[PDB]
Amino acid sequence: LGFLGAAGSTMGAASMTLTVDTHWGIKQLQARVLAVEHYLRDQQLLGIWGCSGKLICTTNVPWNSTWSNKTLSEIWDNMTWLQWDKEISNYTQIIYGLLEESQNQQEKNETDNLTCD
Amino acid sequence: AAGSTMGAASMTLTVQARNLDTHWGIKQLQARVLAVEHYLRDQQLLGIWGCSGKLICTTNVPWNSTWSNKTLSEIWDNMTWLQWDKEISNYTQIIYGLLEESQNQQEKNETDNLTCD
Amino acid sequence: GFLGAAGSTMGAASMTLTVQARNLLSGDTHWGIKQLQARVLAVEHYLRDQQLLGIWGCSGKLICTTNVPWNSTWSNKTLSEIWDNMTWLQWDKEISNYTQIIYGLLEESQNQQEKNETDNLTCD
Amino acid sequence: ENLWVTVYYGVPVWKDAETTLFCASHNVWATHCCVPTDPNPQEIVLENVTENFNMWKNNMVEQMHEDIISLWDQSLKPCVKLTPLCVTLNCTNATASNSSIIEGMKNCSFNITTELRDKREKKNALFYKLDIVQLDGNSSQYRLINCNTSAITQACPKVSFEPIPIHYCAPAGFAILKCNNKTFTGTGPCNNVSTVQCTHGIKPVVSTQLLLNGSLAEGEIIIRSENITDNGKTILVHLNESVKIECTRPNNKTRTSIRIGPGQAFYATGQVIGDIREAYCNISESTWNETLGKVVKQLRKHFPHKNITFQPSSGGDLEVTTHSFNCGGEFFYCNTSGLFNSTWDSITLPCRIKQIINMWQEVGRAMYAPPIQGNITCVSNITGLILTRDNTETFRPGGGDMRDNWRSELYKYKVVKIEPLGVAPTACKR
Amino acid sequence: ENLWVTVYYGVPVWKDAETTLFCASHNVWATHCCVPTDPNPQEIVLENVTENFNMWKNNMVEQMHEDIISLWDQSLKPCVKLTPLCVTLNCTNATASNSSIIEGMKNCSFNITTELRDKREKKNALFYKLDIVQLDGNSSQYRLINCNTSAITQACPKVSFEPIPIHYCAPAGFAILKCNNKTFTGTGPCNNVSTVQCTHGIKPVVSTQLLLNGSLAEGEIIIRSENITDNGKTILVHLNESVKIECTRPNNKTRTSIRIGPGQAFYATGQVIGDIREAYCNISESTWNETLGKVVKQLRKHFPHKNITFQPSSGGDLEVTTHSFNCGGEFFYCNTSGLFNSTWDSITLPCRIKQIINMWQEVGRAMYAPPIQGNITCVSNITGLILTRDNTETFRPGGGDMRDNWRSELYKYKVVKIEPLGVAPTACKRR
Amino acid sequence: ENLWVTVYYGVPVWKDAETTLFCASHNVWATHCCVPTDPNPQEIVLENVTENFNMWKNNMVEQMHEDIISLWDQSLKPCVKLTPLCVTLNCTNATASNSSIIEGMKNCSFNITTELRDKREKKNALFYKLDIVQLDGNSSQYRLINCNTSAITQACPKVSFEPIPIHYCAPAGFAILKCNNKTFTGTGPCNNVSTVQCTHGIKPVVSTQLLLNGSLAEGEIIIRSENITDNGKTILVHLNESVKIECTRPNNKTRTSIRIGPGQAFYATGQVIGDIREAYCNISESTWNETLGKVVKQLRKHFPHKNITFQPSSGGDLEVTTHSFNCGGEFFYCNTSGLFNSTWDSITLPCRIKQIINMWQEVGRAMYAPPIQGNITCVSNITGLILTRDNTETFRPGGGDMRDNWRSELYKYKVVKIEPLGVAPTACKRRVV
Amino acid sequence: XXXXXXXXXXXXXXXXXXXXXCXXXXXXXXXXXXXXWXXXXXXXXXXXXXXXXXXXXXXXXXXXXXXXXXXXXXXXXXXXXXXXXXXXXXXXXXXXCXXXXXXXXXXXXXXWXXXXXXXXXX
Amino acid sequence: XXXXXXXXXXXXXXXXXXXXXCXXXXXXXXXXXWXXXXXXXXXXXXXXXXXXXXXXXXXXXXXXXXXXXXXXXXXXXXXXXXXXXXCXXXXXXXXXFXXXXXXXX
Ligand SMILES: *[C@@H]1O[C@H](CO)[C@@H](O[C@@H]2O[C@H](CO)[C@@H](O[C@@H]3O[C@H](CO)[C@@H](O)[C@H](O)[C@@H]3O)[C@H](O)[C@H]2NC(C)=O)[C@H](O)[C@H]1NC(C)=O
Ligand SMILES: *[C@@H]1O[C@H](CO)[C@@H](O)[C@H](O)[C@H]1NC(C)=O
Ligand SMILES: *[C@@H]1O[C@H](CO)[C@@H](O)[C@H](O)[C@H]1NC(C)=O
Ligand SMILES: *[C@@H]1O[C@H](CO)[C@@H](O)[C@H](O)[C@H]1NC(C)=O
Ligand SMILES: *[C@@H]1O[C@H](CO)[C@@H](O)[C@H](O)[C@H]1NC(C)=O
Ligand SMILES: *[C@@H]1O[C@H](CO)[C@@H](O)[C@H](O)[C@H]1NC(C)=O
Ligand SMILES: *[C@@H]1O[C@H](CO)[C@@H](O)[C@H](O)[C@H]1NC(C)=O
Ligand SMILES: *[C@@H]1O[C@H](CO)[C@@H](O)[C@H](O)[C@H]1NC(C)=O
Ligand SMILES: *[C@@H]1O[C@H](CO)[C@@H](O)[C@H](O)[C@H]1NC(C)=O
Ligand SMILES: *[C@@H]1O[C@H](CO)[C@@H](O)[C@H](O)[C@H]1NC(C)=O
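Method of determination, as given in the entry header: cryo-EM; reported resolution: 3.8 Å.

Per the PDB entry, chain H is named RUu-Base-1 pAb light chain, and its organism is Macaca mulatta.

Looking at the PDB entry, one finds chain G named RUu-Base-1 pAb heavy chain, with Macaca mulatta as its source organism.

The structure is reproduced here in structure tokens:
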């Protein structure tokens, strides 16, 4: 337990704790504004992917073995999140683009004229 | 890509675009703060209405025949969003008031002590 | 009509929640700093209330039901008294020493709800 | 029993709070308070509410005070400094009048570097005695007053300080509550409260002893104090009727210009033509006596003893014992002893004028006021008296360091923070 | 009969707007326009967008102007204040290179205070006749010109003002639209609109009548004005071919240094080494004349006759009657009357050099340019002309202000605010 | 087919990052670091976590340096300028107290403008020789040594610069990782890494050669350097035991107030009464001898089978050849040649006093220290030495810029950005009603 | 390592129910794999009698015991059960749990359990 | 789904190469496991999918499956290898098993 308490744990166990002077004046404003921007960036991505309010969010995007070809049993019970982040860092934007596309298609189907009303 | 027609499904790309010497420092902070204000303004308006965490939302407010007087096929296939917004259905303050009232009535009905539906 | 319902009963005032909320965001060097500080704080206050509502499960809501019961010690009143005779300004004081307790209970309840939902997903 | 805690957002409640208000409306006030006001301001009456107002602890008074001083000080930066004038002066008796008998002025000559370096000239100007200090005994060697503790800045010639009304407006998340009780009288509950976003227009008038242009009481004469029964406190008497006051300098000045440097010149009185009185104020006698009688009738409800008296301001320096008027560009210091002398067609207040003006009660930051060419008359409305108190009661004109004047307009307003969240029991469980 | 309101967030629309753009990348431009950029063309063609542009009402021109002035004023703050020099100068005719009659130069002596105030020294420096004003008649006594009205600040010798390209970039929520019409005249609808995040890289080159450096028209020579008919408007001519111009001060100069006070020092001309002909600015006779004729052929589209003529500039001060060049650390003021003289091998223009200048059209805060030691040569490309219209029709090489220089490159860009929220009807009612 | 992308939020990962830290808790340090200190920081050990640290590339050090310079200069803005004192000074021998010569000081007279700008007065002041430069050969005419290059600002007599403990704290979204390995040298991997929000309190001490009032090593003496075999690098020796040192100036300097002009005044040394000796400083002899021997024992592990010896600094001005420190507002320059002289009850180190101080490497700025009356004594501990290098291996008490004084405290901290959002495969597809 | 173990097997009377169960605290808590049961009678190979997408509750019982093998799991307890009802008199088999580990391919049936056996009989 | 015990009997002499054949009724991956165990005791995977040789097992004792054809290969028969070979129709829900090959050694 604790902030980053699970940093050395395997991903599986770690997933169970996700619930955890004008010169000076300009520096303070920059710090406050930046903190707000970071907050909004994460919430906006969760919203656009359909994960608003969820610590765990499943999606309709399949896992592509090209990003990683490992078995779940050698990921979740074996490697830490720091290692995982490095392993698939190169596909981060690909995944995000796919998640956005899937969510937008889901919404278009939701309000299509056929079989709605 | 504002050309095409209104039947666009590229909406996520126009959303992720938002939110990314003391004279200079003030100007840059003003630019950042304003970008945040506008983002939040739109989110709050959507949040007051029933559309929260969605890019596309339907409501309980009927469409008025005097706002456009066009069919759905004309609107979605023969026009784009720039023309739509600039020429017709360009009295949006009417709609916004209707949307806020309808939503508050709905939310209030959901907790009526006699019918906790 | 911002605060127009301030003297109205608690029940009646529930119909002006949108009005009161929609006016929370808006509507040389030293001067510029004072104004940036004022705008930044207005944003932070807005966001802190939104974060707290999210903590309690009120994502996008003006009125939220819960799993936390009301304690008769906080206020021993019935619904016909508190919603119909009192205005918000008249009882807010009564809960001034229980507010942190209530907020803590709402947070704990939300955490337990999420855990059950997290452990038991819906698939396929 | 049911009863679950229901969360509400957008609840119309508030708490006392202190924030930064913004100012909304060449001229200095217009330049700074560049923000426009609402052409059709709204006001919301809050029915069935009670609010406690406390003017003596109202942070808006302090905030406006600090912003006014800041504006003033900033406004004097981009113009002429007079340090080069702090040299020994000759100061002969002024000969401006026909018989050389003004006796309130000296003709001072001095050796000053002109705008071109390594070239000095003998220059001269007329100065008021109140701005001149003798360097030693029995010696015609003089100096400007503010040369040993600080330095004098010349007022910027293109900037008007005319007290055009301004409005203070709350930022989002805040609101200003206003008291609508005509007989409020001071700290305590107000039973008729309305909400505004901006205050009414307030004129940043800088008088002392007597308040000039401002609003009048809507009721009877209102006497306000922190504690009227204690001495050592300011008593603000707010009249429901104005008293007309006419002040003038019935003579013609001509200005001379002494070059100081590239971009700079010192302006000074060259010559004065006319009669001897420098200045005076015209107060109708019957109006004044009737006005005090009305004040006393109300004063007696707090002070039942008869034979209440008024006295001519105790004593102190010429910032305290006299009136103070920023009339055009001239600063008048009028003797009010002709008004405050009583036991319970017009009254002349003789007036003196100064050019080196101390700003508020700051140390240094002296300002020099260039002479105003020609003749000047100002007419203004007296709206109230600032009295202090010390058998019978004795009242004297007095006052605090400006905040007390500003308290007379901001007394009816309070700033509150809006607090949209709260909880309440309901019959519906999640 | 069954349509419902649907709210759409992320709608690809915009409205015209005025916002703050940021400027992206010992040089001042390189210190202020600090944001790094990669190529990132991002030229997204919108395909069917036909938007309205107006170069004469474009707020970016004004914004660029305010930022440039601000940068210059900021750049000159941590520099030497030349106030102790507003003293009487005892001047004679300058002598150098065995000649005591150098036109344009005076040898001035003066008494200036040293770091220790109780001591003073007599110094000597050479000055230009355009920097120095006589105090009285029949006298050797002179003063610096701007000591009459304001402070003079010496530009720091270590600071570079080279007009390296800079880019103006939109803040999030805003976009810059580009007009890609090769014959666009500066106003009205423009087809083939594309969207970018930043401008192409604009060089903040300053001039008074010939437009130097920057891009050429990709079409034919384009005549642009707010109103061609109206004689009260500036006409800009954007050439499709450049004219090569070379300027120089081939003579050598030395510099001296005066300790005006603690830390600070004044730089001044020491000696002139060489002949005394200045600037020698020229363009080929084979390029001018023909270029001017091509401009006339285009003028004839609006002025369809053979009574078109070019005359020398009119009156006013040096800053508006001649051609200012920012050649290295020195300011050239060139006589172009030899170019604008026609009715419808190289040509040399004599020029004068000035050191104390009032920038743009501002008053006071004069800047002093320290001398360049050694000789200087500048080569630049004339890309356009600033012309006015003062029966027959006469054009003059002048008029306008300092903003017209940037309108010439910013005319193709517009800033819009993205407004991604709108409403449209659907067949679906909320469930 | 059967694996789906799942989004996880609150994932315990981070990236190396550079951000702006804020400083948490009359004087300057106390008014600038106005933010309250966390009364009970929660240090969290990250079990089975290792991380890479590098004290020589640590931006926390660089940021602290910039904050200090800024505070120093901001603090001195609303103060008296001494530019009017650049006037030629007429100086004699100075004979304070008895009929003798006060070495190290001169009695200088000068013509200074009175409040009136026309007339002048003649005033006297005593100055240290180190602040005064002779204008020509055999002359009696002198000037203040820094009027040639800049303005000299008198420090405000009401403003203390005495170091107070301060804490650097990360902003939301950031955290500081801390190395808790007792023998870690400052670079490379560290096991037993913990997370904190704020650093321990440190003091912005500005001494050179000998570090004063810092923390002590948890383990044995640690020799920290970048590429230790490189003679171009500075060696920081971090002691595990402190050495007590006391410096004293046993006399009373009177204070003369010389008005400059319109609310402006200069504080001059008036007269000096007391024991006229060179501000001597006492360091325990046996403590030092043992301490230095222990350093060599460890230094020999990097330079084995060599005779390690010590010498006084080889060069530079009296800002680096000496031990400079500022304890009571009195700036001391002590001779350490009595310590760094070896062939591996107290040692008196003579000291000089300067009144015009060119701090750091600002060059274009200078501060004048008002005289301090009374008899001043300062007590401090030496907590680390700074050495430079180059069958004898010679070390000298040389040093770098002032960043090195803070590298020695911040060597164990790193700033990282928290990145809570990430994805991984699982075997549960979104239900989609 | 994984340590799945079987429990509560019984010699149930024919047509009786028995709460056969297993647990595997060492293995991932549903974050990975899936529940699977298999059984074998004497002189028999194996059959995939039941399974569940333990991450949630998507059941996939085999037709052979569609009316009885009501497999269920508690992700929270890292445990699973197959409390079959109406045991056939012929339903005598060892039963074991397995981890349906997979990599964008059919599962490997890894980490087989202790296989406690039942003995339903008339 | 279904699969045949194509090698219901599959004895081999020690040190002989061998494979226990499987014939599926349809194309599928063909994960397999060895019943190297007592009755009412755990089985262990030989390979997953078509050719994912099991961890902690000889890789030599493996072959890839294709279409509906598969076999549990062995580099050489040994007494240690004397375990039945169970073939799963590893594509099907509740995958069907072929009766395991005797695979005696
Ligand atoms: C109380 O209110 C009255 C009424 O507004 C103020 O009188 C006004 O005072 C200003 C400044 O002295 C006068 O402005 C000047 O007018 C002359 C006209 O020729 C012009 O040449 C000057 O450049 C300048 O604009 C204004 O006319 C005068 N208004 C009236 C009706 O007389 C009075 O000053 C206020 N008193 C105080 C203490 O604020
Ligand atoms: C105040 O009370 C009266 C009844 O006495 C009621 O009619 C009125 O609506 C109330 N005002 C508000 C703001 O609700
Ligand atoms: C003016 O200067 C003269 C110089 O001789 C001096 O005698 C005289 O007293 C001064 N002042 C007056 C008032 O004359
Ligand atoms: C205030 O003074 C103005 C001067 O023009 C006059 O018109 C107005 O009536 C006066 N107000 C009062 C209350 O006397
Ligand atoms: C008032 O002004 C008039 C001139 O208009 C003058 O005669 C009279 O003496 C003045 N009276 C007072 C009391 O100032
Ligand atoms: C100034 O003098 C003129 C003389 O004609 C007179 O008309 C005007 O009213 C006077 N003004 C003042 C302020 O006394
Ligand atoms: C053109 O300019 C160059 C550089 O000043 C000079 O050498 C050349 O002689 C000039 N041409 C003519 C015709 O003078
Ligand atoms: C001080 O006295 C010594 C005596 O030896 C002499 O050498 C030195 O030059 C004197 N210095 C001054 C400033 O008189
Ligand atoms: C410095 O010189 C002055 C000259 O008047 C003398 O009074 C003073 O005592 C001297 N002080 C010292 C320390 O020599
Ligand atoms: C060094 O002395 C300082 C000041 O007295 C004190 O903070 C520190 O504890 C001392 N260290 C030791 C252990 O003497």
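Picking up after the structure, the text goes on.
A. Local environment of the overall build of chain G. Scanning chain G for helices and strands turns up zero helices and eight strands. Secondary structure elements in chain G, listed N-terminal to C-terminal, are β-β-β-β-β-β-β-β. With the principal axes as the frame, chain G shows a C-alpha extent of 40 × 25 × 25 Å. Put simply, of all contacts in chain G between residues at least 6 apart along the chain, 52% involve residues at least 24 apart.

B. Looking closely at the overall build of chain H. Across its full length, chain H holds zero helices and seven strands. Relative to a compact globule of 105 residues, whose C-alpha radius of gyration would be 13 Å, chain H shows 12 Å and is just as compact. Across its three principal axes, chain H shows a C-alpha extent of roughly 35 × 30 × 25 Å. Contacts in chain H between residues far apart in sequence, at least 24 positions, make up 55% of those at least 6 positions apart.

C. Just the pattern of salt bridges, in detail. The salt bridge involving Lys244 of chain F is made with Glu246 of chain F; its shortest N-O contact spans 3.3 Å. Several salt bridges converge on common partners, so that one network encompasses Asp16, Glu51 and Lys414 of chain D.

D. Focus on the pairing of strand β10 (residues 141–144) of chain F. All names here are of chain F. Relative to β10, strand β6 (residues 89–92) runs antiparallel, the two being bridged by two bridges. Looking across to β10, one finds that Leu89 is bridged to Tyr142. As defined by bridge partners, strand β9 (residues 132–134) adjoins β10 across three bridges and the pair is classed as antiparallel. Across the sheet, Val133 pairs through a bridge with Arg143, a residue of β10. As consecutive antiparallel partners, β9 and β10 are separated by six residues, and within that stretch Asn138 has a phi angle of approximately 60°, a positive value.

E. A look at helix α1 (residues 22–48) of chain B. Over its 27 residues, α1 of chain B runs 38 Å from end to end, which matches the ideal 39 Å to within 8%, given 1.5 Å per residue. Put simply, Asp21 of chain B is the residue that caps the front of α1 of chain B, since its side-chain oxygen is 3.3 Å from the backbone nitrogen of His23 of chain B.

F. Local environment of the sheet that holds strand β11 (residues 152–154) of chain F. All names here are of chain F. As summarised here, the arrangement of the three strands in space is β11-β29-β28, forming an open sheet in which the pairing is mixed. With partners counted over all chains shown, the strands left at the sheet margins are β11 and β28 (356–357), one partner each. Bridge count for β28 against strand β29 (residues 366–368) is two bridges, and the pairing is antiparallel. Bridged to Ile357 within β29 is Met367.

G. Just the arrangement of the chains, in detail. Across the 16 pairs of chains in contact, the largest number of contacts is found between chains C and D. With no contact formed, the shortest span from any C-alpha in chain A to any C-alpha in chain D equals 15 Å. With no contact formed, the shortest span from any C-alpha in chain B to any C-alpha in chain G equals 25 Å.

H. Layout of the state of the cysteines. Paired by a disulfide, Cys23 of chain D and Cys33 of chain D hold their sulfur atoms 2.0 Å apart. The sign of the S-S torsion, about 95°, decides the handedness of the disulfide formed by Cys23 of chain D and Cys33 of chain D: right-handed. Note that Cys79 of chain E is cross-linked by a disulfide to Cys156 of chain E, the S-S spacing being 2.1 Å. Sign of the S-S torsion, about -125° for the bond between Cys79 of chain E and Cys156 of chain E, identifies this disulfide as left-handed. Of this pair, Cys79 of chain E sits in the loop between α2 (59–75) and β6 (89–93) while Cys156 of chain E sits in the loop between β11 (152–154) and β12 (167–169), and the two are 77 residues apart along the sequence. Lacking any disulfide linkage, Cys34 of chain E is separated from the closest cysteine sulfur, that of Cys33 of chain E, by 7.9 Å. Between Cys34 of chain F, a free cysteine, and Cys33 of chain F, which holds the nearest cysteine sulfur, the sulfur-to-sulfur gap is 7.9 Å.

I. Broad picture of the pairing of strand β32 (residues 413–418) of chain F. Residues and elements named next belong to chain F. Looking at chain direction, strand β2 (residues 14–16) and β32 are connected through three bridges and run antiparallel. Along β32, the bridge assignment pairs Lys15 with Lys417. Strand direction decides the pairing type here: strand β13 (residues 174–179) and β32, joined by five bridges, are antiparallel. Bridge assignment links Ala175 to a residue of β32, and that residue is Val416.

J. Spatial organisation of the packing of helix α2 (residues 22–48) of chain A against α1 of chain B. Contact geometry of α2 of chain A with α1 of chain B gives a least axis separation of 10 Å together with a crossing angle of 25°. Here α2 of chain A is positioned roughly parallel relative to α1 of chain B, judged by the angle of their axes. The chirality of how α2 of chain A crosses α1 of chain B is left-handed. Across the interface between the two elements, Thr22, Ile26, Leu29, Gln30, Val33, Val36, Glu37, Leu40 and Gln44 of chain A from α2 of chain A touch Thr22, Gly25, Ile26, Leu29, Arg32, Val33, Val36, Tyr39 and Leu40 of chain B from α1 of chain B. Classifying every residue of the contact of α2 of chain A with α1 of chain B by side-chain character gives 11 nonpolar, five polar and two charged.

K. Structural detail: unusual backbone geometry. In the Ramachandran plot, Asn138 of chain D falls in the positive-phi region, its phi being about 50° despite a non-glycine side chain. For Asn192 of chain E, which is not a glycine, the phi torsion comes out positive at approximately 50°. Locating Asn192 of chain E in the fold gives a position in the loop between β14 (187–190) and β15 (194–196).

L. Structural view of the interface of chain D and chain C. Counting residues at the interface gives 39 residues for chain D, matched by 53 residues for chain C. Considering only residue class, the side of chain D that touches chain C consists of 24 nonpolar, nine polar and six charged. Here strand β1 (residues 63–64) of chain C runs beside strand β1 (residues 4–9) of chain D; their pairing, made up of two bridges, is antiparallel. What sits directly across from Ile63 of chain C, in β1 of chain D, is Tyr8 of chain D.

M. Spatial organisation of the packing of α1 of chain B against helix α2 (residues 29–55) of chain C. The interhelical angle for the contact between α1 of chain B and α2 of chain C, taken along N-to-C directions, is 25°, at an axis separation of 10 Å. By the criterion of interaxial angle, the relationship of α1 of chain B to α2 of chain C is roughly parallel. Crossing geometry of α1 of chain B relative to α2 of chain C is assigned as left-handed. Two secondary-structure elements touch here, α1 of chain B through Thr22, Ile26, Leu29, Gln30, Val33, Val36, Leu40 and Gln44 of chain B and α2 of chain C through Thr29, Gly32, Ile33, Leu36, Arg39, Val40, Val43, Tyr46 and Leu47 of chain C. Here the residues of the contact of α1 of chain B with α2 of chain C are counted per class, giving 11 nonpolar, five polar and one charged.

N. Structural context of the sheet that holds strand β13 (residues 174–178) of chain E. Residues and elements named next belong to chain E. Spatially, five strands are ordered β2-β32-β13-β15-β4 in an open sheet, and the strand pairing comes out antiparallel. Whereas interior strands pair on both sides, the edge strands pair on one side only; in this sheet they are β2 (14–16) and β4 (44–45). Bridge count between β13 and strand β32 (residues 413–418): five bridges; the pairing is antiparallel. Residue pairing for β32: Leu177 is matched across the bridge by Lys414.

O. Representation of the packing of aromatic side chains. Measuring from ring centre to ring centre gives 6.2 Å for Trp70 of chain C and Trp91 of chain C, while their planes differ by 45°; the resulting arrangement is tilted. A residue pair is termed long-range when its members are at least 10 positions apart, and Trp70 of chain C in the loop between β1 and α3 (79–82) and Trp91 of chain C in the loop between α3 and α4 (99–119) qualify at 21 residues. Consider the rings of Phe266 of chain D and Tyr368 of chain D, whose centres lie 5.4 Å apart with planes at 50°: the pair is tilted. The rings of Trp70, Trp74, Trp83, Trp88 and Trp91 of chain C together with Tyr8 of chain D are connected pair by pair, giving a single aromatic cluster. Sitting over the ring of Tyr411 of chain D, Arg224 of chain D keeps its end group 3.9 Å from the ring centre. Over the ring of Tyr411 of chain F we find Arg224 of chain F, and its NZ or CZ is 3.8 Å from the ring centre.

P. Looking closely at α2 of chain E. The first and last C-alpha atoms of α2 of chain E sit 24 Å apart over 17 residues, in line with the 24 Å expected at 1.5 Å per residue. Where α2 of chain E begins, the side chain of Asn58 of chain E points an oxygen toward the backbone nitrogen of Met60 of chain E, at a separation of 2.9 Å.

Calculation criteria
Entry numbering is not used for residues: they are numbered from 1 along each chain in the order the sequence is written, which may differ from it, and residues without coordinates are omitted. The lettering of chains begins at A and the numbering of ligands begins at 1, in the order of writing. Note: side-chain values were computed over all heavy atoms of the structure, leaving out hydrogens and water. Residues with missing side-chain atoms are left out of burial classes, side-chain pairs and their counts. Helix and strand assignments come from DSSP, with helices taken as H or I runs of at least 4 residues and strands as E runs of at least 2, each series counted from the N terminus. By the convention used here, residues are in contact when the closest approach between their heavy atoms is within 4.5 Å. The size measure is the radius of gyration over C-alpha atoms, and the globule rule it meets is 2.2 Å times the number of residues to the 0.38 power. In the sections that follow, a salt bridge refers to a side-chain nitrogen of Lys or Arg positioned within 4 Å of a carboxyl oxygen of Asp or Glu. Being paired, for any two strands, means DSSP has found at least two bridges between them. Take the number of residues in a helix, subtract one, and multiply by 1.5 Å to get its expected span. Distance and chemistry together define a polar contact, namely a pair of N or O atoms within 3.5 Å, with one atom able to donate a hydrogen and the other to accept it when in protein, and with adjacent residues in sequence counting only for side-chain atoms on both sides. By disulfide we mean two sulfur atoms from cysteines, separated by a distance within 2.5 Å. Geometry is summarised by axes, namely lines fitted to C-alpha atoms with helices restricted to the contacting stretch, and by angles between N-to-C directions that run from 0 to 180 degrees. Note on angle classes: values under 35 degrees are labelled roughly parallel, values over 145 roughly antiparallel, values of 65 to 115 roughly perpendicular, and the remainder oblique. Crossings are sorted by hand: turned counterclockwise from the far helix by less than a right angle, the near helix makes the crossing left-handed, and turned clockwise it makes it right-handed. Polarity classes work like this: nonpolar for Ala, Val, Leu, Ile, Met, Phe, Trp, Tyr, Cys and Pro, charged for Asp, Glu, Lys and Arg, and polar for all others, with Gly in that last group. Each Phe, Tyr or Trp ring, with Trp reduced to its six-membered ring, pairs with another whose centre is within 6.5 Å; inter-plane angles below 30 degrees give stacked pairs, above 60 give edge-to-face pairs, and intermediate values give tilted ones. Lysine NZ or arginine CZ positioned within 6 Å of the ring centre and within 35 degrees of the ring normal marks a charge as sitting over the ring.

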